[PDB]
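S.K.: Before we start, here is the structure in question, set down as structure tokens.
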Amino acid sequence: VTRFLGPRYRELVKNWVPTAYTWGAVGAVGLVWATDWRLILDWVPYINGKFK
Amino acid sequence: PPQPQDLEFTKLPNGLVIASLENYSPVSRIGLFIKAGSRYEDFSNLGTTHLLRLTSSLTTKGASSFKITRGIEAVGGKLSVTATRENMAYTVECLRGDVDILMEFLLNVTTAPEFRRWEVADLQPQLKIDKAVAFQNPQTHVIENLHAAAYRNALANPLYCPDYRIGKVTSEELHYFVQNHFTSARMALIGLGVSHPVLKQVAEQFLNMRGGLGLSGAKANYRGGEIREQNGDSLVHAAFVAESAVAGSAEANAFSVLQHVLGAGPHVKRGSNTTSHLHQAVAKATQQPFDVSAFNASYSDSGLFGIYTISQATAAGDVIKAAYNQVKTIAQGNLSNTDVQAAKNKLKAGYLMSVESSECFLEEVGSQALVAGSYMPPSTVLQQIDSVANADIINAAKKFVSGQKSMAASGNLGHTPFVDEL
Amino acid sequence: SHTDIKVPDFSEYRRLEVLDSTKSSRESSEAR
Amino acid sequence: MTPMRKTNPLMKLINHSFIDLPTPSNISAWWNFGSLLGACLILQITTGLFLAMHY
Amino acid sequence: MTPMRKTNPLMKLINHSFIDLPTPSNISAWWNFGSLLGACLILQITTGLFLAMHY
Amino acid sequence: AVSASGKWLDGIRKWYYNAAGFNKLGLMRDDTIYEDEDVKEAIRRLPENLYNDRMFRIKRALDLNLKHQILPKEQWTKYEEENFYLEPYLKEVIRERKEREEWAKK
Amino acid sequence: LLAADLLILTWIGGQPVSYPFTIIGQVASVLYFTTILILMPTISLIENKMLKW
Amino acid sequence: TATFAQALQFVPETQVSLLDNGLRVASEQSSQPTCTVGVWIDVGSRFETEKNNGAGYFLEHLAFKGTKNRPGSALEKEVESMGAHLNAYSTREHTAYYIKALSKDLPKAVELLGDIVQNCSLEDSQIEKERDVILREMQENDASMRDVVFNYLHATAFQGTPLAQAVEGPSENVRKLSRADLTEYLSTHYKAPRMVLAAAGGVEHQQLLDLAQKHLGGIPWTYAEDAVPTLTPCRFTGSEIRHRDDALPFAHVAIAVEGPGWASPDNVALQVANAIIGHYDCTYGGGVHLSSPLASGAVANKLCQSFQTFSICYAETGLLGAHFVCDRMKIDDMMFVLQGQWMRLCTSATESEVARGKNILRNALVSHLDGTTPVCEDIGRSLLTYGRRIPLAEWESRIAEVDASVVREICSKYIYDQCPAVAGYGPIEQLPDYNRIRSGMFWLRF
Amino acid sequence: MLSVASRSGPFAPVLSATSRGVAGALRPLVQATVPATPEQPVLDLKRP
Ligand SMILES: COC1=C(OC)C(=O)C(C/C=C(\C)CC/C=C(/C)CC/C=C(\C)CC/C=C(\C)CC/C=C(/C)CC/C=C(\C)CC/C=C(/C)CC/C=C(\C)CC/C=C(\C)CCC=C(C)C)=C(C)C1=O
Ligand code: HEM
Ligand code: HEM
Ligand code: HEM
């Protein structure tokens, strides 16, 4: 593909980057929460208590 | 700022007239004026001009349709095509720094048009939309009938394509009209923000295009017929024209003064035109809503002076009789001096006020350049307009009374008179 | 004649912050 | 560009059936038991399906 | 008076898919397996259902 | 330019043309191209006579394929008589698309 | 040729693990992928060239 | 030879000068042989109540019917023997009387103008004639559809506020007014320093100031009983009004959100955004997949007949939105596209579009000022709006500050997740309910 | 004076890529609103 290049498609990506980061963060936390992943969860100040 | 500049004229050997002025406005304007008009078509091809002026945005050999619109749109400029029976005027507006770009398009559209047949076919249905919008206002239909009622061949040609020709205009007819009517000698070019010397060399490109003279038309002959319509509208329109003088003649000035004596144009808003003779004559004839004024259309071949009266269907006869009787009294020699001076003041104020706008000023300069090629300053207009004498106006009125009349009237027509009984 | 139309009062349904026909609504929209 | 829910084949049916079909404004709670029935049907399948894994 | 397969909703679908479906005339046998696949499925289903009553 | 290589190129192209069977059905080369949106617009710009001829030859080819028949030898299309009628229109349409895409990125 | 390669793959699947079958299977597998991913697009462009498209 | 910002510096400036009574006099001189002289007054329907809703419009009808010095037809006879043009207009926040004439008649024009604003005879028989005239003109306005939907939008967006009611006022109200309410309205409002005299064209400020003192110097500036007509802010309401009439050809929706007052910088940026959306019509040449995004999509399924974007500004508040016409069956699709364009501006704005918007804005500013009358109007409206006349150079400087990021923030400030006001008059069965319209003001993807 | 745009003669149909088309001329009109009730109904054709 070649049409996707140009000064403006770069700008469009820049604007949407913050939204992409937030959505990725939402997915990661959601996955951890749903799976009760002890590995990451053990470093949570309050949630760790659940684990006994 | 610098001193007030003047306009420079020049005539290339081809015959093209070039005129430029150097103001200091930040917006620049360029115009191309062509002697082509609806009067140069014959019966074989009709509606050609009406479609031609819609093609200004079509692709050319040197520029694509996509490029023209996008480029003009991005710069923020405009391009318009004013049209009339005598002339066609391309015009473009932009900023000072973008002139060299837009002229490239303007030149192209009028020098190397490429009338793609499929593009023309797709553009055909637009003709109906344009025609309908114009006819939404009944005044358009009355005049186009009026011209078809007073002229036999040349100026009777409608500005809009006839209904039956809408789907049958071809690109070959477009091409044929262009070659025979876009000749250089028939053209003139006007610029306002641009400098004269650069205008010479930008125009040098098309000196290898067109050339010589084009296909001449025919002198418009007068007939004197009527064209009634009998539509369902409650408010009947009419028209009462007669042969007049020719555009740009001493007699033409007398007719201009004559119409303004008869209250041609309203001045004060939400107010009765007491000074107008026609409104006074009609006020004591009808007590229901009415509108009346005089008409004046001067062309190179001939002119037409007359009267237009909107009125109720029942009172149409009375309105017309009062207006016509008023003109007879003027023709009999009953004309006061004060009215002459008041009418002249109206004329001069109208002329200067109309030319005040830059767009109208460019239009007036182009119209004058085509016929003569020598600009005539407004002061000279004033001296010409002040030379009118009373006897001249009386002679003008007498000529209108004695001349044969053409009448076009749309409306209910239940009580509207006919010619030969008015 | 269309100028004779006017919205009936909704005072019995409006929220407290918009109950006055003089205070601007922009200062409470984000809160509401 | 018009909405895709009025052009995609699968989305036309969903739009007609759920999103946009006109309905009376005044239908009472009695008109709510039809949707529940299907929901219950859905609930009855899944539960039974799991029971079938051991019966 | 008009055909009844152009009014009933259940017959509109059958008319579209089966009876008045515009189809190229030169399609060869290769275009038959499509139908056969469904037919075979319909066979399997019924055959299996009867085996389930004793498995 | 190369003569022997050019003649070999012409010979192999003619061999490939005869290997493709569309000449056996009276079809021209431009009739076999896959009809994408660009081709659809290009066909829309054809004059009536070429459009009418194209439709009829397609019908005849479909009819022949119906009965697994072949057009007589004498009526097969010849490698040198073919006219690429659709080439100019398709080229213009493609160029217009490229211009639109080029503008759209900046 | 691709169809024949699939036939070879099926036949090899029906045979025990041994020297000739193992090597033949590897050659068939690589040939399978290469034909689809490489050969088909290349020849398609070549045919477009001989047709003066 | 001259650059854009370089040509801006050759525009003559306006000279201001106060009179003793507090009247402001402004003038812009040129070499033209004509001039436009008018008076602008900060009086409109916003200063009226239910008892005198139509007073401003009614007075406009009697402005040139006669005065003490020139009774009856004397006033128009003098105006027309001069070849000048006398015109007037009103609004919810301003009123104006202006004359176009030759510079050679500057003195007399001012005299008449002063006479019309101080000595307005209110003969009763004239009042009866104007009653019927206004009654008929109201019927005509009903025929116009745009007026109807723009009055509806005000009525619903300013519910319970003086800005809601129309300039003309209820028909029932115009038939009960007397020569006592009109005099009260005239005496209470028309006086300095609210008045602003303006004269653009071939007029000299010195001459304009001596003439004003001769005639306009007598206007009082003191209120009786100190009954000062104080202004109050106006509340904005997010609501909808639906007047259904299927006999009409086309649906006629109108939507708008709340916007800044006239005297906030942000409005400039908003104007740029309105240039990106643009306007469309059925008579425009080309543009099919060839013009701005909303107009390019406007002809793919032939959705709209004509849409325009507006930005109405009042003191401390205003309206920002988009007005469009459409066929009965394509109402929802047109609204869908419009809302998408607004949201795209709020989130994804490129500089290329912004540059086009800035260029369009420059052309409109410069081209609009062409002519004397537009110049005089700008002077009067600015002096009553900002207290000054922003020069072109300043306008260019502020525009140049606009950037894609700036547009994003401002549009998000006023457009995103805000409750709109909707007005629809026609076959509007397909118009989506408020809830659906309100849910289309944000993006679940953002 | 040789341009009819400043006269009450024929109309001048105009067109523009961006602007709309409107005719001109100065034959009687507009001043019928005061005395009469000429309505302005919207119809098949719509343009601002
Ligand atoms: C009031 O207004 C309203 C209306 O009027 C306007 C309306 O009209 C409606 C609409 C009406 C209604 C709902 C009412 C009912 C009407 C309907 C059309 C719908 C009819 C319903 C149905 C057909 C039923 C739909 C389904 C149900 C219960 C689901 C059953 C089927 C399934 C897929 C479901 C999923 C089961 C799952 C996944 C199993 C769970 C197990 C999972 C993780 C483990 C699964 C593991 C596997 C497969 C593993 C496989 C492994 C393999 C091969 C091994 C591979 C190994 C390798 C190595 C490769 C409404 C609501 C309404 O309100
Ligand atoms: C509308 C749908 C259904 C209804 C009304 C229904 C109803 C019932 C009822 C009343 C029982 C008796 C259970 C008891 O008395 O304890 C039962 C048992 C059972 N059903 Fe369902 N059922 C439905 C769907 C299904 C489906 C889809 C499955 C499997 C795919 C299923 C599998 C079972 C099983 C395994 C049992 C045995 C449970 C037991 O013995 O307690 N059912 N069903
Ligand atoms: C598994 C069960 C399947 C069923 C019941 C099924 C059903 C059908 C039927 C009945 C047709 C019409 C046949 C025709 O008109 O030629 C068809 C066409 C088609 N099928 Fe399937 N199919 C199945 C699997 C597949 C698979 C695995 C593919 C893989 C690509 C596929 C791709 C297609 C395609 C592309 C067509 C259109 C052919 C054409 O337009 O000429 N199908 N299918
Ligand atoms: C496309 C659909 C299906 C396919 C491809 C399929 C395929 C198969 C195959 C290959 C076997 C083993 C045959 C053997 O070992 O000789 C089998 C077994 C079985 N299938 Fe399916 N099947 C399908 C649908 C169904 C359905 C709908 C049922 C519903 C009850 C079903 C019930 C069974 C049963 C009961 C057996 C046991 C066979 C036995 O006891 O010998 N099958 N299936």
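Each chain in the structure tokens gets a letter, A, B and so on, in the order shown; residues start at 1 in every chain, and ligands are counted from 1 in the order they appear.
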Fewer than 6 positions away in the same chain doesn't count, so skip those; otherwise give me all residues within 10 Å of residue A:51, counting only C-alpha atoms, as a VMD selection string.
M.R.: chain A and resid 36 38 41 to 42
S.K.: Keeping only N, CA, C and O atoms, write those residues as an mmCIF file, in the first residue's frame.
M.R.:
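Generated file (part21.cif):
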data_model
loop_
_atom_site.group_PDB
_atom_site.id
_atom_site.type_symbol
_atom_site.label_atom_id
_atom_site.label_comp_id
_atom_site.auth_asym_id
_atom_site.auth_seq_id
_atom_site.Cartn_x
_atom_site.Cartn_y
_atom_site.Cartn_z
ATOM 1 N N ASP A 36 -8.492 -12.925 37.301
ATOM 2 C CA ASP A 36 -7.965 -12.981 38.664
ATOM 3 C C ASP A 36 -6.496 -13.399 38.648
ATOM 4 O O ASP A 36 -6.066 -14.304 39.366
ATOM 5 N N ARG A 38 -3.158 -13.652 39.622
ATOM 6 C CA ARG A 38 -2.433 -13.362 40.856
ATOM 7 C C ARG A 38 -1.100 -12.678 40.588
ATOM 8 O O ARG A 38 -0.651 -11.862 41.401
ATOM 9 N N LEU A 41 -1.798 -9.132 40.233
ATOM 10 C CA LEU A 41 -2.665 -8.671 41.312
ATOM 11 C C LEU A 41 -1.928 -8.606 42.643
ATOM 12 O O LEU A 41 -2.283 -7.797 43.507
ATOM 13 N N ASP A 42 -0.905 -9.440 42.828
ATOM 14 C CA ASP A 42 -0.205 -9.480 44.106
ATOM 15 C C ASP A 42 0.473 -8.158 44.445
ATOM 16 O O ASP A 42 0.839 -7.944 45.605
#
S.K.: Output as CSV one row per residue of chain F within 10 Å of chain B: the closest atom pair and its distance in Å to one decimal place, counting only C-alpha atoms, sorted by chain and residue number ascending.
M.R.:
residue,atom,partner,partner_atom,distance
F:44,CA,B:118,CA,8.5
F:45,CA,B:118,CA,6.1
F:46,CA,B:118,CA,8.8
F:47,CA,B:118,CA,9.3
F:96,CA,B:66,CA,8.5
F:99,CA,B:66,CA,8.5
F:100,CA,B:66,CA,7.8
F:103,CA,B:70,CA,9.2
S.K.: Mind fitting chain E to chain D by least squares on all Cα atoms in order and giving back the moved coordinates as a compact mmCIF listing (two decimals) with N, CA and C atoms, in the first residue's frame?
M.R.:
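Output file out-v2.txt follows:
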# COMPACT_ATOMS: atom_id res chain seq x y z
N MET E 1 -20.53 7.30 3.54
CA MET E 1 -20.97 8.45 4.39
C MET E 1 -22.30 8.14 5.06
N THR E 2 -23.16 7.40 4.36
CA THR E 2 -24.44 7.01 4.92
C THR E 2 -24.25 5.91 5.96
N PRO E 3 -25.23 5.71 6.84
CA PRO E 3 -25.05 4.72 7.91
C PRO E 3 -24.79 3.33 7.36
N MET E 4 -23.93 2.59 8.05
CA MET E 4 -23.53 1.26 7.61
C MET E 4 -24.53 0.19 8.00
N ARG E 5 -25.49 0.50 8.86
CA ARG E 5 -26.53 -0.46 9.22
C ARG E 5 -27.68 -0.48 8.23
N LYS E 6 -27.60 0.31 7.16
CA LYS E 6 -28.60 0.31 6.10
C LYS E 6 -28.06 -0.27 4.80
N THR E 7 -26.87 -0.88 4.82
CA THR E 7 -26.30 -1.53 3.65
C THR E 7 -26.02 -3.00 3.87
N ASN E 8 -25.35 -3.35 4.96
CA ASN E 8 -24.99 -4.74 5.19
C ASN E 8 -26.24 -5.59 5.37
N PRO E 9 -26.38 -6.71 4.65
CA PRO E 9 -27.62 -7.50 4.78
C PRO E 9 -27.89 -7.97 6.20
N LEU E 10 -26.85 -8.38 6.94
CA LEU E 10 -27.09 -8.86 8.30
C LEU E 10 -27.52 -7.73 9.22
N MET E 11 -27.13 -6.49 8.91
CA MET E 11 -27.53 -5.34 9.71
C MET E 11 -28.88 -4.79 9.30
N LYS E 12 -29.31 -5.03 8.06
CA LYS E 12 -30.65 -4.64 7.64
C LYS E 12 -31.70 -5.37 8.48
N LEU E 13 -31.52 -6.67 8.68
CA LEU E 13 -32.47 -7.43 9.48
C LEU E 13 -32.51 -6.93 10.91
N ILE E 14 -31.34 -6.69 11.50
CA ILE E 14 -31.29 -6.22 12.88
C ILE E 14 -31.90 -4.83 12.99
N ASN E 15 -31.63 -3.97 12.00
CA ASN E 15 -32.22 -2.64 12.01
C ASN E 15 -33.74 -2.71 11.93
N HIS E 16 -34.27 -3.55 11.04
CA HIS E 16 -35.72 -3.68 10.90
C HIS E 16 -36.36 -4.18 12.19
N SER E 17 -35.82 -5.28 12.74
CA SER E 17 -36.48 -5.94 13.85
C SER E 17 -36.26 -5.21 15.17
N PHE E 18 -35.09 -4.62 15.38
CA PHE E 18 -34.68 -4.15 16.70
C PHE E 18 -34.57 -2.64 16.81
N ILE E 19 -33.81 -1.99 15.94
CA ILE E 19 -33.45 -0.59 16.17
C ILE E 19 -34.56 0.34 15.68
N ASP E 20 -34.88 0.29 14.39
CA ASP E 20 -35.85 1.19 13.79
C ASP E 20 -37.23 0.55 13.63
N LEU E 21 -37.61 -0.34 14.54
CA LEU E 21 -38.94 -0.93 14.49
C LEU E 21 -39.96 0.08 15.00
N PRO E 22 -40.93 0.50 14.18
CA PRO E 22 -41.98 1.39 14.69
C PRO E 22 -42.88 0.65 15.67
N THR E 23 -42.98 1.18 16.89
CA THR E 23 -43.74 0.55 17.95
C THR E 23 -44.63 1.58 18.63
N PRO E 24 -45.87 1.23 18.98
CA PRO E 24 -46.71 2.17 19.71
C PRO E 24 -46.04 2.61 21.00
N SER E 25 -46.31 3.85 21.41
CA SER E 25 -45.67 4.42 22.58
C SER E 25 -46.40 4.12 23.88
N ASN E 26 -47.68 3.74 23.82
CA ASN E 26 -48.49 3.57 25.02
C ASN E 26 -48.60 2.12 25.47
N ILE E 27 -47.82 1.20 24.88
CA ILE E 27 -47.90 -0.19 25.29
C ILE E 27 -47.43 -0.32 26.73
N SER E 28 -48.15 -1.12 27.52
CA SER E 28 -47.89 -1.26 28.94
C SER E 28 -46.95 -2.44 29.18
N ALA E 29 -46.82 -2.85 30.44
CA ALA E 29 -45.92 -3.95 30.77
C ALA E 29 -46.36 -5.25 30.12
N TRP E 30 -47.66 -5.42 29.89
CA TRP E 30 -48.16 -6.65 29.29
C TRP E 30 -47.40 -7.02 28.02
N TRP E 31 -46.87 -6.03 27.31
CA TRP E 31 -46.16 -6.26 26.06
C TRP E 31 -44.70 -6.65 26.28
N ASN E 32 -44.26 -6.80 27.52
CA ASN E 32 -42.88 -7.16 27.81
C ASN E 32 -42.66 -8.66 27.84
N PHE E 33 -43.67 -9.42 28.28
CA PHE E 33 -43.49 -10.86 28.46
C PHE E 33 -43.02 -11.53 27.17
N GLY E 34 -43.46 -11.05 26.02
CA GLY E 34 -42.98 -11.55 24.75
C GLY E 34 -41.47 -11.70 24.74
N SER E 35 -40.76 -10.59 24.96
CA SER E 35 -39.30 -10.64 25.03
C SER E 35 -38.84 -11.61 26.11
N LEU E 36 -39.43 -11.51 27.31
CA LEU E 36 -39.01 -12.37 28.41
C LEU E 36 -39.08 -13.85 28.02
N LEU E 37 -40.14 -14.25 27.31
CA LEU E 37 -40.26 -15.63 26.88
C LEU E 37 -39.00 -16.08 26.14
N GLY E 38 -38.60 -15.32 25.12
CA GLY E 38 -37.38 -15.65 24.40
C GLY E 38 -36.17 -15.69 25.31
N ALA E 39 -36.03 -14.68 26.17
CA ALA E 39 -34.93 -14.65 27.12
C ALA E 39 -34.91 -15.92 27.96
N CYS E 40 -36.06 -16.30 28.51
CA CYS E 40 -36.13 -17.52 29.31
C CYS E 40 -35.71 -18.73 28.49
N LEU E 41 -36.19 -18.82 27.25
CA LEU E 41 -35.75 -19.89 26.36
C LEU E 41 -34.24 -19.91 26.24
N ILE E 42 -33.64 -18.74 25.95
CA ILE E 42 -32.19 -18.66 25.81
C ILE E 42 -31.51 -19.12 27.09
N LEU E 43 -32.10 -18.84 28.25
CA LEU E 43 -31.53 -19.31 29.50
C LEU E 43 -31.62 -20.83 29.60
N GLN E 44 -32.83 -21.37 29.52
CA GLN E 44 -33.04 -22.82 29.54
C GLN E 44 -32.04 -23.55 28.66
N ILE E 45 -31.98 -23.16 27.38
CA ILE E 45 -31.07 -23.81 26.43
C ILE E 45 -29.68 -23.94 27.03
N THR E 46 -29.09 -22.81 27.44
CA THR E 46 -27.73 -22.83 27.95
C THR E 46 -27.64 -23.65 29.23
N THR E 47 -28.59 -23.45 30.15
CA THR E 47 -28.59 -24.21 31.39
C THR E 47 -28.65 -25.71 31.10
N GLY E 48 -29.55 -26.12 30.21
CA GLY E 48 -29.67 -27.53 29.89
C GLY E 48 -28.42 -28.08 29.22
N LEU E 49 -27.83 -27.32 28.30
CA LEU E 49 -26.63 -27.78 27.61
C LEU E 49 -25.55 -28.18 28.61
N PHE E 50 -25.39 -27.39 29.68
CA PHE E 50 -24.39 -27.71 30.68
C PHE E 50 -24.78 -28.93 31.50
N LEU E 51 -26.08 -29.16 31.70
CA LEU E 51 -26.51 -30.36 32.41
C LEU E 51 -26.32 -31.60 31.56
N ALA E 52 -26.36 -31.46 30.23
CA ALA E 52 -26.22 -32.61 29.36
C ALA E 52 -24.82 -33.20 29.40
N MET E 53 -23.82 -32.39 29.76
CA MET E 53 -22.44 -32.86 29.80
C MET E 53 -22.20 -33.86 30.93
N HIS E 54 -23.17 -34.05 31.84
CA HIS E 54 -22.98 -34.96 32.96
C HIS E 54 -24.18 -35.85 33.21
N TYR E 55 -25.13 -35.95 32.28
CA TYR E 55 -26.34 -36.73 32.46
C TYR E 55 -26.26 -38.02 31.64
S.K.: For residue A:39, work out the shell of residues within 12 Å, counting only C-alpha atoms and skipping chain neighbours fewer than 6 positions away, then give it as a JSON list (two decimals) with N, CA and C atoms, in the first residue's frame.
M.R.:
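Written file, selection-v9.json:
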[["chain", "number", "residue", "atom", "x", "y", "z"],
["A", 32, "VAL", "N", -7.01, -8.67, 33.26],
["A", 32, "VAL", "CA", -6.47, -9.04, 34.56],
["A", 32, "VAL", "C", -7.59, -9.26, 35.56],
["A", 33, "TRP", "N", -8.57, -8.34, 35.58],
["A", 33, "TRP", "CA", -9.68, -8.46, 36.51],
["A", 33, "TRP", "C", -10.48, -9.74, 36.25],
["A", 48, "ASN", "N", -4.84, -7.18, 46.75],
["A", 48, "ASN", "CA", -4.02, -8.33, 47.09],
["A", 48, "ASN", "C", -4.57, -9.08, 48.30],
["A", 51, "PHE", "N", -6.30, -12.55, 48.01],
["A", 51, "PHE", "CA", -5.45, -13.73, 47.93],
["A", 51, "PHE", "C", -4.74, -13.99, 49.26]]
S.K.: Select, as a VMD selection string, those residues of chain F with any atom no more than 9 Å from chain G (distances computed using only C-alpha atoms).
M.R.: chain F and resid 9 12 to 14 16 to 17 29 87
S.K.: Got time to write the residues from that selection, N, CA, C and O atoms, as an mmCIF file, in the first residue's frame?
M.R.:
data_model
loop_
_atom_site.group_PDB
_atom_site.id
_atom_site.type_symbol
_atom_site.label_atom_id
_atom_site.label_comp_id
_atom_site.auth_asym_id
_atom_site.auth_seq_id
_atom_site.Cartn_x
_atom_site.Cartn_y
_atom_site.Cartn_z
ATOM 1 N N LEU F 9 9.462 -12.365 -29.219
ATOM 2 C CA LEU F 9 8.421 -11.867 -28.328
ATOM 3 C C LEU F 9 7.064 -11.862 -29.021
ATOM 4 O O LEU F 9 6.054 -12.258 -28.429
ATOM 5 N N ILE F 12 5.866 -15.616 -29.397
ATOM 6 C CA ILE F 12 5.393 -16.253 -28.173
ATOM 7 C C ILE F 12 4.079 -15.629 -27.720
ATOM 8 O O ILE F 12 3.192 -16.322 -27.208
ATOM 9 N N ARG F 13 3.930 -14.313 -27.894
ATOM 10 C CA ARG F 13 2.659 -13.674 -27.571
ATOM 11 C C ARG F 13 1.538 -14.216 -28.446
ATOM 12 O O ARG F 13 0.431 -14.476 -27.960
ATOM 13 N N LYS F 14 1.803 -14.395 -29.741
ATOM 14 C CA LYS F 14 0.797 -14.982 -30.618
ATOM 15 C C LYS F 14 0.478 -16.409 -30.196
ATOM 16 O O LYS F 14 -0.683 -16.831 -30.234
ATOM 17 N N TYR F 16 0.685 -17.616 -27.116
ATOM 18 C CA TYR F 16 -0.132 -17.516 -25.912
ATOM 19 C C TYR F 16 -1.557 -17.097 -26.248
ATOM 20 O O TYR F 16 -2.519 -17.613 -25.669
ATOM 21 N N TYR F 17 -1.711 -16.158 -27.184
ATOM 22 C CA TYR F 17 -3.045 -15.730 -27.588
ATOM 23 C C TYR F 17 -3.856 -16.900 -28.130
ATOM 24 O O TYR F 17 -5.034 -17.060 -27.790
ATOM 25 N N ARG F 29 -10.180 -9.316 -26.643
ATOM 26 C CA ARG F 29 -9.416 -9.354 -25.401
ATOM 27 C C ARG F 29 -10.083 -8.523 -24.311
ATOM 28 O O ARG F 29 -10.152 -8.948 -23.152
ATOM 29 N N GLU F 87 -9.240 0.267 -24.023
ATOM 30 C CA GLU F 87 -8.022 0.737 -23.367
ATOM 31 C C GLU F 87 -8.062 2.227 -23.061
ATOM 32 O O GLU F 87 -7.785 2.605 -21.910
#
S.K.: For residue H:426, work out the shell of residues within 9 Å, counting only C-alpha atoms and skipping chain neighbours fewer than 4 positions away, then give it as a VMD selection string.
M.R.: chain H and resid 145 242 to 253 328
S.K.: Do you know which residues are at most 6 Å from stretch 320-336 of chain B counting only C-alpha atoms, after dropping those on the same chain fewer than 2 positions away, and could you put them as number ranges by chain?
M.R.: B: 278, 281, 317-318, 338-339, 394, 397-398
S.K.: For the structure I just gave you, how does DSSP split chain D - specifically, which residues are helix (DSSP H, G or I)? Reply as a PyMOL selection string.
M.R.: chain D and resi 4-6+9-19+29-52
S.K.: Expressed in Å to a single decimal, how great is the separation between atom CA of residue B:253 and atom CA of residue B:145?
M.R.: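 Taking atom CA of residue B:253 and atom CA of residue B:145, their separation equals 25.9 Å.
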S.K.: Can you work out the spacing between atom CA of residue H:68 and atom CA of residue H:116 in Å, to one decimal?
M.R.: 9.4 Å
S.K.: Using only C-alpha atoms and a distance of at most 9 Å, pull out the residues of chain C that contact chain H, as a list in words.
M.R.: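 Here they are: residues 1, 2, 3, 4, 5, 6, 7, 8, 9, 18, 20, 21, 22, 23, 24, 25, 26 and 29 of chain C.
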S.K.: Can you write just those residues out, N, CA and C atoms, as a compact mmCIF listing (two decimals), in the first residue's frame?
M.R.:
# COMPACT_ATOMS: atom_id res chain seq x y z
N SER C 1 -48.93 34.98 11.98
CA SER C 1 -49.74 34.30 12.99
C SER C 1 -48.91 33.26 13.74
N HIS C 2 -47.84 32.77 13.10
CA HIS C 2 -46.96 31.82 13.76
C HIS C 2 -46.21 32.45 14.92
N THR C 3 -46.16 33.79 14.98
CA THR C 3 -45.55 34.47 16.12
C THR C 3 -46.39 34.36 17.38
N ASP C 4 -47.62 33.86 17.28
CA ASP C 4 -48.48 33.71 18.44
C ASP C 4 -48.19 32.43 19.23
N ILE C 5 -47.25 31.62 18.78
CA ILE C 5 -46.92 30.37 19.44
C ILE C 5 -45.85 30.63 20.49
N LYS C 6 -45.99 29.99 21.65
CA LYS C 6 -45.03 30.13 22.73
C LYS C 6 -45.07 28.86 23.57
N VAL C 7 -43.91 28.46 24.07
CA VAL C 7 -43.81 27.19 24.80
C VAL C 7 -44.50 27.32 26.15
N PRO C 8 -45.32 26.36 26.56
CA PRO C 8 -45.89 26.41 27.91
C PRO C 8 -44.82 26.21 28.97
N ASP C 9 -45.12 26.70 30.17
CA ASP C 9 -44.17 26.62 31.27
C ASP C 9 -43.94 25.17 31.68
N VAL C 18 -31.85 25.15 37.01
CA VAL C 18 -32.33 25.82 35.81
C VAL C 18 -33.73 26.40 36.03
N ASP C 20 -34.55 29.30 37.26
CA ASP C 20 -34.60 30.75 37.08
C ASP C 20 -34.35 31.10 35.62
N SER C 21 -35.20 31.97 35.07
CA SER C 21 -35.10 32.37 33.68
C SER C 21 -34.07 33.46 33.44
N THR C 22 -33.18 33.71 34.40
CA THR C 22 -32.15 34.72 34.28
C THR C 22 -30.74 34.17 34.47
N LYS C 23 -30.57 33.17 35.32
CA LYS C 23 -29.26 32.55 35.49
C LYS C 23 -28.92 31.69 34.29
N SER C 24 -27.66 31.75 33.86
CA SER C 24 -27.22 30.97 32.72
C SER C 24 -27.10 29.49 33.10
N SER C 25 -27.36 28.63 32.12
CA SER C 25 -27.30 27.19 32.34
C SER C 25 -25.90 26.62 32.22
N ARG C 26 -24.96 27.37 31.65
CA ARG C 26 -23.62 26.84 31.41
C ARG C 26 -22.89 26.51 32.71
N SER C 29 -24.46 22.83 33.74
CA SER C 29 -24.57 21.72 32.79
C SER C 29 -23.61 20.60 33.14
